[PDB]
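So the chains spell out like this:
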Amino acid sequence: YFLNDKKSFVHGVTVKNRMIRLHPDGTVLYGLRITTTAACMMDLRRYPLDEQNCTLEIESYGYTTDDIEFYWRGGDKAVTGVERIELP
Amino acid sequence: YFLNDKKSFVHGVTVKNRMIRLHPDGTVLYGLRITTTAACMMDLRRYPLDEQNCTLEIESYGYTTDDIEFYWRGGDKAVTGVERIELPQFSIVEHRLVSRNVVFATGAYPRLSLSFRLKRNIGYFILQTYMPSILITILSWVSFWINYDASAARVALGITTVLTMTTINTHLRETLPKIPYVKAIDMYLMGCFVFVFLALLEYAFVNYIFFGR
Amino acid sequence: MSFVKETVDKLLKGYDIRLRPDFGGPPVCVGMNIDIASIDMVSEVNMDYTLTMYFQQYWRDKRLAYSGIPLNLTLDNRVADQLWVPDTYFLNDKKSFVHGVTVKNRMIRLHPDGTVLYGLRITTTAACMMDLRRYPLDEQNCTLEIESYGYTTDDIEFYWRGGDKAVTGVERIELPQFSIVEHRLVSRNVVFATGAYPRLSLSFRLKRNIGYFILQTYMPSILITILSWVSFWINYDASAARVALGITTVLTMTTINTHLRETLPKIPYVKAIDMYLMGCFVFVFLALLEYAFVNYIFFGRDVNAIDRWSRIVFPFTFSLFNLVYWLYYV
Amino acid sequence: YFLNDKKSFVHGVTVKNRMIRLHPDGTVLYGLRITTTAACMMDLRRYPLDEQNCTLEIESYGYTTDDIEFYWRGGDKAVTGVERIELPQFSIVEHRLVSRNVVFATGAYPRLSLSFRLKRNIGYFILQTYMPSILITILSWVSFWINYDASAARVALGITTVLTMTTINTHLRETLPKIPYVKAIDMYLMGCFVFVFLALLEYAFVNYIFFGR
Amino acid sequence: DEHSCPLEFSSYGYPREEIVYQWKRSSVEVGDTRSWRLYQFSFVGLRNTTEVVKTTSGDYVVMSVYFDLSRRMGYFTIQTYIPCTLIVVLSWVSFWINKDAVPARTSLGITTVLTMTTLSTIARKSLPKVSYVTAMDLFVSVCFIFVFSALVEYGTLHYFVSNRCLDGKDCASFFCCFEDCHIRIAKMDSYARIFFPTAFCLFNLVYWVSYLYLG
Amino acid sequence: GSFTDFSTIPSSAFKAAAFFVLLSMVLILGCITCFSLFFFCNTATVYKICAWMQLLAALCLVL
Amino acid sequence: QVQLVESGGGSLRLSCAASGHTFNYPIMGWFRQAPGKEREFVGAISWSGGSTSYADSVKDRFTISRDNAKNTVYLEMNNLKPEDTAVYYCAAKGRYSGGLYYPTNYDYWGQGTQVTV
Amino acid sequence: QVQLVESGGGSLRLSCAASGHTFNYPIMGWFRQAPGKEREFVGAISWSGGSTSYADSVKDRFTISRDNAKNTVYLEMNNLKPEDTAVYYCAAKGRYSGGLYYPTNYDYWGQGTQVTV
Ligand SMILES: *[C@@H]1O[C@H](CO)[C@@H](O[C@@H]2O[C@H](CO)[C@@H](O[C@@H]3O[C@H](CO[C@H]4O[C@H](CO[C@H]5O[C@H](CO)[C@@H](O)[C@H](O)[C@@H]5O)[C@@H](O)[C@H](O[C@H]5O[C@H](CO)[C@@H](O)[C@H](O)[C@@H]5O)[C@@H]4O)[C@@H](O)[C@H](O[C@H]4O[C@H](CO)[C@@H](O)[C@H](O)[C@@H]4O)[C@@H]3O)[C@H](O)[C@H]2NC(C)=O)[C@H](O)[C@H]1NC(C)=O
Ligand SMILES: *[C@@H]1O[C@H](CO)[C@@H](O[C@@H]2O[C@H](CO)[C@@H](O[C@@H]3O[C@H](CO[C@H]4O[C@H](CO)[C@@H](O)[C@H](O)[C@@H]4O)[C@@H](O)[C@H](O[C@H]4O[C@H](CO)[C@@H](O)[C@H](O)[C@@H]4O)[C@@H]3O)[C@H](O)[C@H]2NC(C)=O)[C@H](O)[C@H]1NC(C)=O
Ligand SMILES: CCCCCCCC/C=C/CCCCCCCC(=O)O[C@H](COC(=O)CCCCCCCCCCCCCCC)COP(=O)(O)OC[C@@H](O)CO
Ligand SMILES: CCCCCCCC/C=C\CCCCCCCC(=O)O[C@H](COC(=O)CCCCCCCCCCCCCCC)COP(=O)(O)OC[C@@H](O)CO
Ligand SMILES: *[C@@H]1O[C@H](CO)[C@@H](O[C@@H]2O[C@H](CO)[C@@H](O[C@@H]3O[C@H](CO)[C@@H](O)[C@H](O)[C@@H]3O)[C@H](O)[C@H]2NC(C)=O)[C@H](O)[C@H]1NC(C)=O
Ligand SMILES: CCCCCCCCCCCC(=O)OC[C@H](COP(=O)([O-])O)OC(=O)CCCCCCCCCCC
Ligand SMILES: CC(C)CCC[C@@H](C)[C@H]1CC[C@H]2[C@@H]3CC=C4C[C@@H](O)CC[C@]4(C)[C@H]3CC[C@]12C
Ligand SMILES: CC(C)CCC[C@@H](C)[C@H]1CC[C@H]2[C@@H]3CC=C4C[C@@H](O)CC[C@]4(C)[C@H]3CC[C@]12C
Ligand SMILES: CCCCCCCCCCCCCCCC(=O)O
Ligand SMILES: CCCCCCCCCCCCCCCC(=O)O
Ligand SMILES: CCCCCCCCCCCCCCCC
Ligand SMILES: CCCCCCCCCCCCCCCC
Ligand SMILES: CCCCCCCCCCCCCCCC
Ligand SMILES: *[C@@H]1O[C@H](CO)[C@@H](O)[C@H](O)[C@H]1NC(C)=O
Ligand SMILES: CCCCCCCCCC
Ligand SMILES: CCCCCCCCCC
Ligand SMILES: CCCCCCCCCC
Ligand SMILES: CCCCCC
Ligand SMILES: CCCCCC
Ligand SMILES: CCCCCC
């Protein structure tokens, strides 16, 4: 789940934008297309000459580290497509 | 159910934010991530110098106190995250938890209540809404130190101060116009308007008495 | 009737819904066909457009093939859920849905040769980033991108059924502030790490209507500047008159600019209309400064040379500014 | 289904607002309570003196005229409540019911159409836009009768009339739907603006000829 | 204004011959009115009704509860009614201002017109965009006409001063004052000083009495 | 029905009748204002001014 | 309603002028009917003047323009063939009528001009 | 369309100038093709500047930047090694084209500049 989300959904046209892929070994790959509205507290005391740090926090809802352990697959190369982000 | 709720939901991405945890002694814990748009009365009579007291009332729907009894687990430690709240315009002064039984002639129903007191920050209002009105009134007072025969100058000063006051009051639509109630800012603006009006009327008296007859 | 019923039940029987047609064989081939109904409001603030259409996917499935029953069947709501359909999705959509009232606007028609036709009525809000640098003299390019979600080109191929006639109903669009100059249909194979996915693009080119802005932005600013030039012909010793004229022209320019940026979309970066308005503002400010210079030099500290120079240079400079602006931005 | 709908739903309180009724002969009556947002393209060139024709198009989705046919039960009395409808900006002058068979490549599909003709009422427009515009245009002509030597008075009057016309134009668009194309109200405002502009420009000629040289 | 907002319900499909509704006892119960979120209106009680509405599907028993609401007038008073009257008085100030102060009186009149124009927009900030005229809009329009008339009066004064049968006789002399006619235009200021307040007071009296009592 | 909302008035004849009665009201209130003008202007002139204005109000009311 | 009138009839320019409630019938279509043959869809034009649609046979030969300032549609022809000899009609279509190629969907027709080559 | 032209072939600065519809093709990437070796991605720059991406082989050595004064993108090639010899090309990529590292996703390619050292 996303601990900072205020409203999130999975796109559902034409079908539900999900995906599961299985391999000959036991591995499973699970993909979703998700739009979220995430809270980002802003320090606007220096507005408009300000710099903001926004975050997205991903966590398990009821499993501890004894049961589930997260990690970025690929390290710093895990998140892709940041160059596509453009704002006015 | 939350009595004063208008619209609430349980988050559902990637899965429903709902957990059930059992214990060997038969005990059960149920957790939910809920976003509730609860409704609280506000006394906007002293706005922007007000201090709201909003509440969340938790109540059982079907069962009475004879079947279900609500209580706060941990006494005063039941609610956490008041430090984590960060509102831009409001500032939390105190939070309270009250458990009781609403008494009906038919029976008694349990209820819990979590209340927050939210003072409003007045620096922004003192900077934007109040200070220009005071400066405009002080500018309107400038007419008394100008020569009494400077008719064009004094009349232009007074009437343009009135026009500026009206301009401020109309484009003050940011300060709660859509819902109309008499607040405190309205009284202050009305007083400043009356003062500038009297300032112009003063030169009216001066001109008629001393320049004509 | 019962013959049709039991035959349809048999067609359902023995059908694997998690498996596409010809899993080990060549890829399935899906022909897309869009019938536009309308393009609703197009937002510069959100950089998106809302589009309503009838979206049709045509393909062949030998599993759902029957002999006899010459009429082409029509599954509606329930057994339709028990058939494989492509996992097509719109890459750039922000919010979309299939219309529900009175019934789900969906249709599945099976021809006796195993062919399947799947129609949907879809409204979708799609992202359209806009180059608002020549606004309101801008020309925009919006697109709708259709792609398979999980299957690469080796499993599914997409195409435009009917070629350039695949998309119809473009003439039906009646946007108020935009005119559709051209539209195009494109098919590509975008390459990801997994492989080459199919992609279709339906592109529209939009040209904004400009008479609104000519009426309410460019004309009042020009008239206010021309009014500001009247000080040069007003007598130089008319201090109250000239000062009131100049400062009230400045006030009117600020009023126009402020209420204009209030009524217009937010657009938090520079445009062309802003440059024009700032030029007019600078012109009226310079006119007031010119009077200040006149008042200090003469009457302070046979028309005077400063006003004689102003009368000829200010209209001339404003004309050059207009020429440069219009040539640069047109 | 409604062909020109943008968003619609069936009300679901307290239960689904739906009804099935059977008759012994075999007739079936099927009722729903539907709120729908339909598209109505508008020719706002003559705004606010315009007249709109907003239609609702009812059509079968899958079936064709070889399978299903439509008709208005009760004929012209198939739609009611139109006389009871009230709107803040429009009056329903007339309503019409039509039945057609739209032709497509697949075949001819049935269609029903319910059209309303709406006439906009102009009292508030006359009160706030047309009236003060005319009055300010008239006020701009007082400079003609004001003395030619008095320059401050005439210049202030003309330029303040221009400012007031600009204020009226701007604040109008702070109320009017953006409607972004030319309209009759915009043409009238531009005409009044040009009139006050020429009235102010007249004193420029007067002052130059009879004081400057 | 006062309103009677309804809340009406019935069975959707079952006519009067199939389902019949009845109030249990004593209409409906209302909690303490202070807890209610009504800020623009004041509660003036409620009432209940039941009827048989006739529809094409059949006859249906429709129950209804009307809540009476009365608008509060303080906010609109301070926002519009007091500033408009004060601006009209400031328009009247021109008459007491000396006639020779041409820039002063002209600027005063035209800026009062501008201020009335500015105040005229805040009226419809809390109402649906309607086509007809409300009482506050009518009041603002009358005030605008008053200030316009004051400025026109000064214009006329400045122009005219800067320039320079049985039982009666003659039929016209008796029905007109064409004799002699000038002098009175100079005393136009003295006439207006008492004419304008009397007109505005008469308008206020008739307007307020009609809107409060006869309606 | 209300005078401010001409959309609700049943007919143009009703609109015209209301307009004429309103003109009569305005003219008679013009007299009740010129009762102020009795202070300064000459009595014969003010009396004739209301005589004509009341005649006009009467004609408007008859129409 | 709308009243349509066709005029005109190798640079040939036909003109279809519309009067009345032209807004309610935005799309305007040109058809041709040679002797013996039935009506065939030559072209179609929208309200705003963009998104013109021509038939396969005469896609590039003809060009259709529009100007709502006078409510007239111009059908230009560059190179004419001797199969083009026919009676040319103009018609108007509603906003939710249907397809463009079917004359039944069009409501108001014109008397139609004659062209021979 | 868009046309890309390279120029500028210790520290070597390579400037790729773009002329045309640059907005429709926001991202610009750099590729190198040594003789006998396949075309290989090196880095990429977004539309609004920043968000630079680089290949693993040339990390912390090459730094791409853009000023858009004349629609120019500068590779600013530094720490030149003998293995870093190849024909360098600048290419344009649309808003929705896919991954940066694949030449097929890039629409328009420049002429290409040679560097041999
Ligand atoms: C708001 O704006 C909208 C904008 O469109 C406007 O809409 C139009 O409204 C007018 C009425 O004012 C509609 O006109 C009517 O249409 C009737 C139906 O026409 C179709 O069907 C005709 C055949 O009959 C149908 O119905 C019978 C049963 O009644 C059924 O058996 C048939 O199978 C069929 O379904 C058909 O003829 C007609 O036209 C086609 O075919 C003829 C063939 O000769 C051809 O000439 C046409 O070119 C066309 O191809 C169409 O397909 C129609 O019956 C009706 O007729 C009236 O006049 C005739 C004589 O002219 C009388 O005989 C008859 O009794 C009627 O009095 C009339 O023409 C029009 O269709 C609307 N347009 C659209 C697109 O919906 C609204 O009116 C506006 N309203 C407001 C409130 O502002
Ligand atoms: C925002 O505003 C709301 C609305 O006013 C406040 O809500 C109230 O909070 C107060 C406390 O702050 C509550 O008062 C408390 O009730 C407790 C429980 O009452 C029990 O006892 C009664 C009588 O026997 C039973 O009927 C009931 O069912 C319960 O069993 C009391 O224990 C509290 O005690 C004080 O008074 C008693 C006398 O009654 C003394 O004996 C105690 O020693 C002590 O002095 C107190 O009376 C009140 O009920 C709440 N009202 C509502 C509607 O919730 C919020 O507190 C306020 N929030 C902020 C932050 O300001
Ligand atoms: C409920 C029933 C109604 C009751 C109310 C009844 C109202 C009663 C007043 C009537 C005034 C008109 C009466 C006829 C006036 C006749 C004239 C008269 O009386 O004498 C003159 C005025 O006297 C006077 O004080 C009269 C001065 C005018 C006073 C009127 C003020 C305006 C009244 C606003 C309307 C309020 C009432 C209605 C409200 C709904 C003064 O001569 P004087 O030679 O010295 O001058 C110098 C000259 O030579 C000029 O240089
Ligand atoms: C000494 C001081 C002097 C101060 C000045 C004194 C003058 C006072 C000011 C204005 C008077 C206004 C009179 C206007 C008369 C027109 C009244 C009218 O209603 O005309 C409508 C339009 O006409 C039509 O269709 C077509 C005809 C349109 C013509 C509309 C007239 C606008 C001009 C306005 C005149 C401005 C003043 C001019 C004074 C010089 C028709 O009804 P309709 O069902 O649609 O309404 C429903 C809607 O109002 C819902 O409430
Ligand atoms: C089930 O429906 C399909 C259509 O979804 C029927 O087949 C299609 O029928 C149409 C109409 O005949 C064919 O279109 C054209 O027909 C004319 C006839 O003169 C011909 O000249 C054209 O060249 C064209 O063929 C269409 O090609 C045909 N093909 C498809 C896509 O299925 C089918 O007959 C229906 N089955 C039954 C018996 O209900
Ligand atoms: C009216 C606009 C607002 C005016 C506000 C009040 C300002 C003062 C108005 C005084 C009007 C008046 O009494 O006019 C008298 C003069 C006499 O001039 P002359 O013939 O002695 O040179 O007459 C003239 O100068 C000639 C007549 C000029 C007025 C013509 C108006 C025509 C309007 C109808 C459309 C043609
Ligand atoms: C001081 C004196 C001169 C003021 C005169 C004000 C008069 C002329 C004003 C006040 C109230 C006004 C009316 C108020 C409401 C409406 C309804 C609208 O749909 C048409 C205009 C109409 C009918 C107005 C006409 C002008 C009117 C009668
Ligand atoms: C001072 C003199 C010259 C003119 C005064 C005229 C005044 C009193 C007139 C002008 C317009 C009039 C209003 C016009 C319309 C209505 C609506 C009606 O439902 C009640 C009366 C009411 C509210 C009128 C009250 C009186 C009124 C305000
Ligand atoms: C809405 C129109 C208002 C018109 C205002 C007219 C103001 C001037 C009236 C002058 C009256 C006195 C002089 C009349 C001279 C004459 O007509 O002969
Ligand atoms: C809100 C009140 C406005 C003013 C009302 C004034 C009414 C009285 C009219 C006085 C007219 C005579 C003034 C001059 C008298 C003198 O000669 O000193
Ligand atoms: C809330 C109590 C009822 C409403 C009271 C409104 C008072 C408005 C007074 C405005 C002044 C009118 C008379 C002015 C006379 C010069
Ligand atoms: C519930 C209170 C509503 C406000 C009622 C008006 C209060 C008085 C406002 C100030 C009036 C000033 C009039 C100008 C002359 C002193
Ligand atoms: C509701 C606004 C009331 C405004 C009152 C302003 C003060 C009026 C004082 C009276 C001025 C005239 C006195 C002299 C008359 C001869
Ligand atoms: C409301 O309904 C009840 C029950 O039917 C009835 O007794 C009562 O008279 C009605 N009216 C009021 C005002 O309560
Ligand atoms: C704020 C009012 C105007 C201040 C006048 C200052 C007077 C200085 C007297 C020496
Ligand atoms: C607006 C009221 C102005 C009054 C001027 C002075 C009256 C006479 C004082 C003796
Ligand atoms: C810029 C507008 C001012 C025009 C003044 C023209 C004066 C002409 C004198 C013959
Ligand atoms: C920004 C434009 C300035 C023009 C100066 C004449
Ligand atoms: C575009 C017209 C400009 C005129 C400047 C004098
Ligand atoms: C809008 C054109 C006005 C022309 C006035 C002479």
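Residues numbered from 1 in each chain as written, not as in the entry; some residues may be left out. Chains lettered and ligands numbered in written order. Part of a larger assembly, values for the part shown. Heavy atoms only, no water.

### Quick word on the arrangement of the chains
The structure contains 13 pairs of chains in contact, of which chains C and D account for the largest number of contacts. For chain B and chain G, which are not in contact, the least C-alpha distance works out to 38 Å. Looking at chain B next to chain H, you find no contact at all, with the nearest C-alpha pair sitting 25 Å apart. (Contact = heavy atoms within 4.5 Å.)

### A word on empty space enclosed by the protein
A volume near 180 Å³ is recorded for the largest cavity. Contributions of two or more residues to the lining of the largest cavity are made by α2 (151-170) and α3 (185-211) of chain B together with α1 (74-96) of chain E. Tallying contributions element by element places α1 of chain E first for the lining of the largest cavity, with 4 residues. (1 Å grid on protein atoms, 1.4 Å probe; cavity = no way out; pocket = protein on both sides within 12 Å on 5 of 7 lines; lining within 4 Å. Points joined across faces, edges and corners; volume = space filled by probe spheres on them. Helix = DSSP H or I, 4+ residues; strand = E, 2+ residues; numbered from the N terminus.)

### Comments concerning the site of ligand 10
Taken together, the residues surrounding ligand 10 are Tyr 208 of chain B, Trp 96, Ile 194 and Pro 197 of chain E together with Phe 40 of chain F. Contact with the protein chains covers 44% of the free accessible surface of ligand 10, which is 540 Å². Class assignment for the residues of the shell around ligand 10 results in 5 nonpolar, no polar and no charged. (Near = heavy atom within 4 Å. Areas by Shrake-Rupley, 256 points an atom, 1.4 Å probe, with all protein chains shown as cover. Nonpolar A, V, L, I, M, F, W, Y, C, P; charged D, E, K, R; others polar.)

### Quick look at the interface of chain D and chain C
Listed as interface residues are 41 residues of chain D and, on the opposing side, 44 residues of chain C. When chain D packs against chain C, the two sides together hide about 4,100 Å² of surface, and 70% of this comes from carbon and sulfur. Considering only the side of chain D, the residues that lose the most area to chain C are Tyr 61, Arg 173 and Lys 178 of chain D, jointly responsible for 17% of the buried surface there. At the boundary of chain D and chain C, one finds 1 salt bridge. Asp 5 of chain D is the partner of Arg 121 of chain C in a salt bridge, and the nearest nitrogen-oxygen pair spans 2.5 Å. Where chain D packs against chain C, one counts 6 residue pairs in polar contact. Counting residues per element, the ones that place at least two in the side of chain D that touches chain C are β1 (5-10), β3 (28-32), α3 (151-172) and α4 (184-212) of chain D. A per-element tally of the side of chain D that touches chain C places α4 of chain D first, with 11 residues. (Buried area = accessible area lost by both parts, 1.4 Å probe. Salt bridge = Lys/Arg side-chain N within 4 Å of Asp/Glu carboxyl O. Polar contact = N/O pair within 3.5 Å; in protein donor to acceptor, adjacent residues only side chain to side chain.)

### A look at the interface of chain D and chain E
Across the contact, 36 residues belong to chain D and 31 residues belong to chain E. Buried surface at the junction of chain D and chain E, summed over both partners, amounts to about 3,000 Å²; 73% is from carbon and sulfur atoms. Contact with chain E buries area across many residues of chain D, yet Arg 21, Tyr 124 and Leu 139 of chain D alone supply 19% of it, more than any other trio. Run the count over chain D and chain E and you get 0 salt bridges. Applying the counting criterion to the chain D and chain E interface returns 10 residue pairs in polar contact. Only β2 (18-22), β3, α1 (124-139), α2 (142-145) and α3 of chain D provide two or more residues apiece to the side of chain D that touches chain E. Considering every element that reaches the side of chain D that touches chain E, the biggest residue donor is α3 of chain D, with 10 residues. Of the residues contributing to the side of chain D that touches chain E, the split by class is 20 nonpolar, 13 polar and 3 charged.

### Things to note about the environment of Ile 45 of chain H
All names here are of chain H. The topology assignment puts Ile 45 in strand β4 (residues 40-45). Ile 45 gets classed as buried once you look at its relative accessible area, which sits at 1%. When the C-alpha atoms of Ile 45 and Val 73 are compared, they prove to be 8.4 Å apart, with 28 residues separating the residues in sequence. Once residues within four sequence positions are removed from consideration, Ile 45 is found in contact with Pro 26, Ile 27, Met 28, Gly 50, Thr 52, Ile 64, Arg 66 and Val 73. (Buried < 20%, exposed > 50% of the residue type's maximum accessible area, 1.4 Å probe, protein only.)

### Considering the packing of helix α3 (residues 239-263) of chain C against α3 of chain D
Packing of α3 of chain C against α3 of chain D leaves a shortest axis separation of 9 Å and a crossing angle of 5°. Taken together, the axes of α3 of chain C and α3 of chain D are roughly parallel relative to one another. Contact residues: α3 of chain C offers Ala 240, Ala 241, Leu 245, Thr 248, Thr 249, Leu 251, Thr 252, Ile 256 and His 259 of chain C, while α3 of chain D offers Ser 151, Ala 152, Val 155, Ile 159, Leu 163, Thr 166, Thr 170 and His 171 of chain D. Residue composition of the contact of α3 of chain C with α3 of chain D, by class: 9 nonpolar, 8 polar and no charged. (Axes fitted to C-alpha atoms, helices over the stretch in contact; angles between N-to-C directions. Parallel < 35°, antiparallel > 145°, perpendicular 65-115°, else oblique.)

### Quick look at the packing of helix α2 (residues 211-228) of chain C against helix α5 (residues 305-329) of chain C
Residues and elements named next belong to chain C. Interhelical geometry of α2 versus α5 gives an angle of 155° and a closest axis separation of 12 Å. What the angle tells us is that α2 and α5 run roughly antiparallel. Crossing of α2 against α5: the hand is right-handed. The residues of α5 that touch α2, namely those facing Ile 214, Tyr 218, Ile 222 and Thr 225, are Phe 318, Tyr 325 and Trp 326. Its residues assigned to classes, the contact of α2 with α5 shows 6 nonpolar, 1 polar and no charged. (Left-handed = near helix turned anticlockwise from the far one by under 90°.)

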